[PDB]
Amino acid sequence: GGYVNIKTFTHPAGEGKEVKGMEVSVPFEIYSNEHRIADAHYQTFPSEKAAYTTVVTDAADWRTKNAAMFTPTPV
């Protein structure tokens, strides 16, 4: 149970594009059931309560934010 507090760090992702960091608290079961780790630009620590303002509501919400961690966007 509990939450998985994820903080991703902003980093360049191709000239003209990048990936904006984020802070999101994910319910453990939702996180363990499915998650994608592609780079090392993140950090994780568990806790009983959500540590960040943005809290994942459901499996679909997590897949969206998780994918947002890798989708390159113009600066």
# chains A, B, ... in the order shown; residues from 1 in each chain; ligands from 1

call {"tool": "residues_around", "arguments": {"residues": "range 7-14 of chain A", "least_positions_apart": "4", "cutoff": "7 Å", "atoms": "only C-alpha atoms", "output": "VMD selection string"}}
result
chain A and resid 18 to 24 41 to 44 72

call {"tool": "residues_around", "arguments": {"residues": "residue 58 in chain A", "least_positions_apart": "2", "cutoff": "12 Å", "atoms": "only C-alpha atoms", "output": "list in words"}}
result
residues 25, 26, 27, 28, 29, 30, 31, 33, 34, 55, 56, 60, 61, 62, 63, 64 and 65 of chain A

call {"tool": "write_last_selection", "arguments": {"atoms": "N, CA, C and O atoms", "output": "PDB file, in the first residue's frame"}}
result
ATOM      1  N   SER A  25       2.513  11.639  -7.020  1.00  0.00           N
ATOM      2  CA  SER A  25       2.372  10.547  -6.065  1.00  0.00           C
ATOM      3  C   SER A  25       1.445   9.474  -6.625  1.00  0.00           C
ATOM      4  O   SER A  25       0.286   9.743  -6.938  1.00  0.00           O
ATOM      5  N   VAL A  26       1.964   8.257  -6.748  1.00  0.00           N
ATOM      6  CA  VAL A  26       1.208   7.163  -7.341  1.00  0.00           C
ATOM      7  C   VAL A  26       0.880   6.085  -6.315  1.00  0.00           C
ATOM      8  O   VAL A  26       1.772   5.583  -5.633  1.00  0.00           O
ATOM      9  N   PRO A  27      -0.409   5.729  -6.197  1.00  0.00           N
ATOM     10  CA  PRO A  27      -0.798   4.606  -5.339  1.00  0.00           C
ATOM     11  C   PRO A  27       0.029   3.377  -5.696  1.00  0.00           C
ATOM     12  O   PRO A  27       0.105   3.016  -6.870  1.00  0.00           O
ATOM     13  N   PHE A  28       0.645   2.750  -4.697  1.00  0.00           N
ATOM     14  CA  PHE A  28       1.590   1.664  -4.945  1.00  0.00           C
ATOM     15  C   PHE A  28       1.073   0.602  -5.913  1.00  0.00           C
ATOM     16  O   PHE A  28       1.735   0.282  -6.897  1.00  0.00           O
ATOM     17  N   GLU A  29      -0.105   0.056  -5.628  1.00  0.00           N
ATOM     18  CA  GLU A  29      -0.666  -1.007  -6.455  1.00  0.00           C
ATOM     19  C   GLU A  29      -0.774  -0.594  -7.920  1.00  0.00           C
ATOM     20  O   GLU A  29      -0.451  -1.373  -8.817  1.00  0.00           O
ATOM     21  N   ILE A  30      -1.228   0.632  -8.159  1.00  0.00           N
ATOM     22  CA  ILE A  30      -1.304   1.158  -9.517  1.00  0.00           C
ATOM     23  C   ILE A  30       0.086   1.215 -10.138  1.00  0.00           C
ATOM     24  O   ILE A  30       0.271   0.889 -11.311  1.00  0.00           O
ATOM     25  N   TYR A  31       1.063   1.625  -9.338  1.00  0.00           N
ATOM     26  CA  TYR A  31       2.435   1.757  -9.809  1.00  0.00           C
ATOM     27  C   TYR A  31       3.075   0.404 -10.107  1.00  0.00           C
ATOM     28  O   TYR A  31       3.672   0.212 -11.166  1.00  0.00           O
ATOM     29  N   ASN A  33       1.619  -2.478 -10.615  1.00  0.00           N
ATOM     30  CA  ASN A  33       0.888  -3.190 -11.660  1.00  0.00           C
ATOM     31  C   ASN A  33       1.425  -2.871 -13.046  1.00  0.00           C
ATOM     32  O   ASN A  33       1.451  -3.730 -13.927  1.00  0.00           O
ATOM     33  N   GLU A  34       1.845  -1.625 -13.240  1.00  0.00           N
ATOM     34  CA  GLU A  34       2.405  -1.206 -14.516  1.00  0.00           C
ATOM     35  C   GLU A  34       3.110   0.134 -14.388  1.00  0.00           C
ATOM     36  O   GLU A  34       2.568   1.079 -13.821  1.00  0.00           O
ATOM     37  N   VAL A  55      -1.604  13.961  -7.471  1.00  0.00           N
ATOM     38  CA  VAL A  55      -1.807  12.576  -7.064  1.00  0.00           C
ATOM     39  C   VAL A  55      -2.588  11.793  -8.113  1.00  0.00           C
ATOM     40  O   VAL A  55      -3.703  12.167  -8.477  1.00  0.00           O
ATOM     41  N   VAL A  56      -1.997  10.705  -8.596  1.00  0.00           N
ATOM     42  CA  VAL A  56      -2.646   9.845  -9.580  1.00  0.00           C
ATOM     43  C   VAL A  56      -3.963   9.294  -9.043  1.00  0.00           C
ATOM     44  O   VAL A  56      -4.028   8.821  -7.910  1.00  0.00           O
ATOM     45  N   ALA A  60      -5.386   4.663 -15.630  1.00  0.00           N
ATOM     46  CA  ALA A  60      -5.323   5.427 -16.871  1.00  0.00           C
ATOM     47  C   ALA A  60      -4.591   6.748 -16.661  1.00  0.00           C
ATOM     48  O   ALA A  60      -3.835   7.196 -17.524  1.00  0.00           O
ATOM     49  N   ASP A  61      -4.824   7.364 -15.507  1.00  0.00           N
ATOM     50  CA  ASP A  61      -4.178   8.624 -15.162  1.00  0.00           C
ATOM     51  C   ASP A  61      -2.667   8.446 -15.048  1.00  0.00           C
ATOM     52  O   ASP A  61      -1.898   9.315 -15.458  1.00  0.00           O
ATOM     53  N   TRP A  62      -2.248   7.313 -14.492  1.00  0.00           N
ATOM     54  CA  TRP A  62      -0.828   7.026 -14.322  1.00  0.00           C
ATOM     55  C   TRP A  62      -0.128   6.780 -15.657  1.00  0.00           C
ATOM     56  O   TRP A  62       0.964   7.293 -15.891  1.00  0.00           O
ATOM     57  N   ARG A  63      -0.760   6.000 -16.530  1.00  0.00           N
ATOM     58  CA  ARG A  63      -0.198   5.733 -17.853  1.00  0.00           C
ATOM     59  C   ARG A  63       0.023   7.022 -18.637  1.00  0.00           C
ATOM     60  O   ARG A  63       0.963   7.126 -19.425  1.00  0.00           O
ATOM     61  N   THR A  64      -0.849   7.999 -18.417  1.00  0.00           N
ATOM     62  CA  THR A  64      -0.747   9.284 -19.097  1.00  0.00           C
ATOM     63  C   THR A  64       0.448  10.084 -18.584  1.00  0.00           C
ATOM     64  O   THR A  64       1.281  10.539 -19.366  1.00  0.00           O
ATOM     65  N   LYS A  65       0.529  10.246 -17.268  1.00  0.00           N
ATOM     66  CA  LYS A  65       1.618  11.003 -16.659  1.00  0.00           C
ATOM     67  C   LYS A  65       2.956  10.294 -16.837  1.00  0.00           C
ATOM     68  O   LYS A  65       3.985  10.935 -17.055  1.00  0.00           O
TER      69      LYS A  65
END

call {"tool": "select_by_dssp", "arguments": {"residues": "chain A", "states": "helix (DSSP H, G or I)", "output": "ChimeraX atom specification"}}
result
/A:28-33,59-67

call {"tool": "atom_distance", "arguments": {"atom1": "CA of residue 54 in chain A", "atom2": "CA of residue 3 in chain A"}}
result
11.8 Å

call {"tool": "closest_residue", "arguments": {"among": "A:5, A:73, A:32, A:66", "to": "residue 52 in chain A", "atoms": "only C-alpha atoms"}}
result
A:5

call {"tool": "closest_residue", "arguments": {"among": "A:37, A:4, A:75, A:69", "to": "residue 49 in chain A", "atoms": "only C-alpha atoms"}}
result
A:4

call {"tool": "atom_distance", "arguments": {"atom1": "CA of residue 51 in chain A", "atom2": "CA of residue 1 in chain A"}}
result
14.4 Å
